[PDB]
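Here the structure comes first, spelled out in structure tokens, and everything after it is commentary.
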Amino acid sequence: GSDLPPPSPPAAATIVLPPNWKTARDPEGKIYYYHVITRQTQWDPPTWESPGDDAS
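In the numbering used here, the protein residues as written are 5 to 60.
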């Protein structure tokens, strides 16, 4: 990443997600996000902003 090297995911990661966050994808077609403030990452859990049904 530009700000931070990619993390392995924390359980805490879900708490809050900042617009500051960056994204990266693996060679094996997986795309994920990482939080520069908190040092967190999520590959599967949706962004801070999601539809109404997801209720983020």
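Beta carbons: idealized from backbone N, C-alpha and C, even for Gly.
Near residue i, which residues of its chain fall below 8 Å by C-beta distance, leaving aside the five closest residues on each side in sequence?
i   : result
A16 : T42, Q44
Is residue i buried or exposed, if buried means 16 or more other CB atoms sit within 10 Å of its CB?
i   : result
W47 : exposed
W52 : exposed
May I ask you to list the residues that DSSP assigns as paired with residue i?
i   : result
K26 : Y38
At the level of alpha carbons, what is the spacing between residue i and residue j?
i   : j   : result
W25 : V40 : 6 Å
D30 : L21 : 21 Å
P14 : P23 : 18 Å
Helix, strand or coil for residue i? Go by DSSP, reduced to three states.
i   : result
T18 : helix
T51 : coil
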